[PDB]
Amino acid sequence: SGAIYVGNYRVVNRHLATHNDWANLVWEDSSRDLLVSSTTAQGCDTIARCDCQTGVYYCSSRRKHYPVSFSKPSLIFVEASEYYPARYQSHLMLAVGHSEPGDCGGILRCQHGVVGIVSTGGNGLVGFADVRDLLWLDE
Ligand SMILES: COc1ccc(C(F)(F)F)cc1NC(=O)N1CCC[C@H](C(N)=O)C1
Ligand SMILES: [Zn+2]
């Protein structure tokens, strides 16, 4: 679990979104596993605007942060789950690191700010849904 709070927006994994998230829907993209809902309270996370390939993510299944090198956002094949059939997920970045399903939502950050959130994993790899291209999150 986990979310990004920036301005009047809440960014979560689309497969973990709640009824309140869907009743206050701003945008969602199943191909990215992202959903953005509106909030009453103001958010203070800074979204990074860069092409960094190094950062640190929070791994709830170890209660620890890990430094990682990660790939550029791209279309990557993702195994079927109870949330989606087998498909290409877009804007996904992979790193070598530990992750379990409940780790989704953990933030990946670089020196510039929030890069994305844990969205996939398996086989000693962890995948992050990028949010750096969502320029509208700031306005
Ligand atoms: C952080 O996620 C995991 C981490 C590790 C493993 C394991 F196979 F090793 F057990 C599995 C997962 N689960 C996932 O990758 N997904 C299930 C939830 C929906 C995700 C999506 N974006 O389509 C895909
Ligand atoms: Zn950066």
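Residue numbers count from 1 along this sequence. As the structure lists them, so they are numbered: ligands from 1, and atoms in each ligand from 1.
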Residues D51, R132; criterion salt bridge (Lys or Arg N to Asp or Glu O under 4.0 Å); working and verdict
CA-CA 9 Å; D51 70 350; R132 303 178 280 187; over 6 Å; no
Assess whether side chain to side chain donor-acceptor pair (under 3.5 Å) is satisfied between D29 and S31, documenting all intermediate values.
CA-CA 5 Å; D29 189 334; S31 80; 2.7 Å; yes
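Between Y58 and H65, the ring planes lie tilted relative to each other; the angle falls in the 30° to 60° range. Using bins of under 30°, 30° to 60° and over 60° for the plane-to-plane angle, the ring pair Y57/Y66 lands in the tilted bin. Taking the six-membered ring where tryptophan is involved, the planes of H15 and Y83 are tilted, since the angle between them lies from 30° to 60°.
The same ILVMFWY cluster, assembled from side-chain heavy atoms under 4.5 Å apart, contains both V131 and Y9. Both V6 and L134 are part of a single hydrophobic cluster, where members link through side-chain heavy atoms under 4.5 Å apart.
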Starting from the N and O atoms of ligand 1, find every protein N or O within less than 3.5 Å and list the pair with its distance.
from	atom 1	to	atom 2	distance (Å)
ligand 1	2 (O)	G121	N	3.4
ligand 1	15 (O)	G121	N	3.0
ligand 1	15 (O)	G121	O	3.4
ligand 1	22 (N)	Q89	OE1	2.9
ligand 1	22 (N)	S119	O	2.9
ligand 1	22 (N)	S119	OG	3.1
ligand 1	23 (O)	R87	NH1	3.1

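Ion pairing of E100 with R62 is present here, as a side-chain N (NZ or NE/NH1/NH2) and a carboxylate O approach within less than 4.0 Å. Classification of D133 and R32 as a salt-bridged pair holds, one side-chain N sitting under 4.0 Å from a carboxylate O.
Excluding waters, the count of protein N/O/S atoms less than 2.8 Å from the Zn ion (ligand 2) comes to 4.
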